[PDB]
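A quick write-up on the structure given underneath.
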Amino acid sequence: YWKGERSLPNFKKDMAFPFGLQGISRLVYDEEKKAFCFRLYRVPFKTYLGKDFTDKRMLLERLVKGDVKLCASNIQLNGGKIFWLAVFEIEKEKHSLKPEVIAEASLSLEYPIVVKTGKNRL
DNA sequence: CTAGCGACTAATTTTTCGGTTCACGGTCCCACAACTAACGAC
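Okay, structure coming up:
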């Protein structure tokens, strides 16, 4: 900005507006309605996992019991539906990896990924 | 629970080869066609 190679941002109107973790409250699992309930600044909200009884199902419960950390999230609205962009802080996964073993990856427009690993081609 | 704060395409021309025309001093073997000399009938 001192030299000048960037214009001042002109924010759009459909922006997902941000809300901090200091606003999530009354998080519980109401079994009667089969949906998590919470308040986004004094308004009830039934969460629609739908047919997602495993993927993010044990993620909100990982927060109702205080086991996963959440960051300043955002919220989108796309014409009747409402979406929450929750920045959950997930951890790394440890496998049985060998640093000496090297995978040779190449990316081209004819073959998006071509990978060598010893005698294994993918 | 909320608020303050850290140049490419089409049209026209021209030319070599083919077509056409004129038209006087060995062997051995198995069949097939003659064929003829003799034989029998009228």
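Heads up, the first sequence is in the authors' numbering, so the first residue is 123 and it goes up one at a time. Here a beta-carbon is modelled for each residue, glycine too, at the ideal position from N, C-alpha and C.
Is the beta carbon of residue i sitting closer than 8 Å to the one on residue j?
{"i": "residue 139", "j": "residue 197", "result": "yes"}
{"i": "residue 175", "j": "residue 167", "result": "no"}
{"i": "residue 171", "j": "residue 179", "result": "yes"}
{"i": "residue 145", "j": "residue 162", "result": "yes"}
{"i": "residue 151", "j": "residue 158", "result": "yes"}
So the alpha helix (DSSP H) residue i belongs to, where does it begin and stop?
{"i": "residue 246", "result": "The structure shown does not extend to residue 246, since the chain is modelled only from 123 through 244, so no value can be given for it."}
So the candidates are the options; which of them puts its Cα closest to the Cα of residue i?
{"i": "residue 244", "options": "232, 227, 231", "result": "227"}
{"i": "residue 195", "options": "237, 211, 133", "result": "211"}
{"i": "residue 208", "options": "224, 219, 191", "result": "191"}
{"i": "residue 222", "options": "239, 214, 232", "result": "239"}
{"i": "residue 241", "options": "225, 173, 230", "result": "225"}
{"i": "residue 213", "options": "158, 181, 229, 124", "result": "181"}
What three-state label does DSSP hand residue i in the structure shown?
{"i": "residue 215", "result": "coil"}
{"i": "residue 185", "result": "helix"}
{"i": "residue 128", "result": "coil"}
{"i": "residue 179", "result": "helix"}
For residue i, report the span of its beta strand (DSSP E) as first-last.
{"i": "residue 152", "result": "146 to 152"}
{"i": "residue 239", "result": "236 to 239"}
{"i": "residue 160", "result": "157 to 162"}
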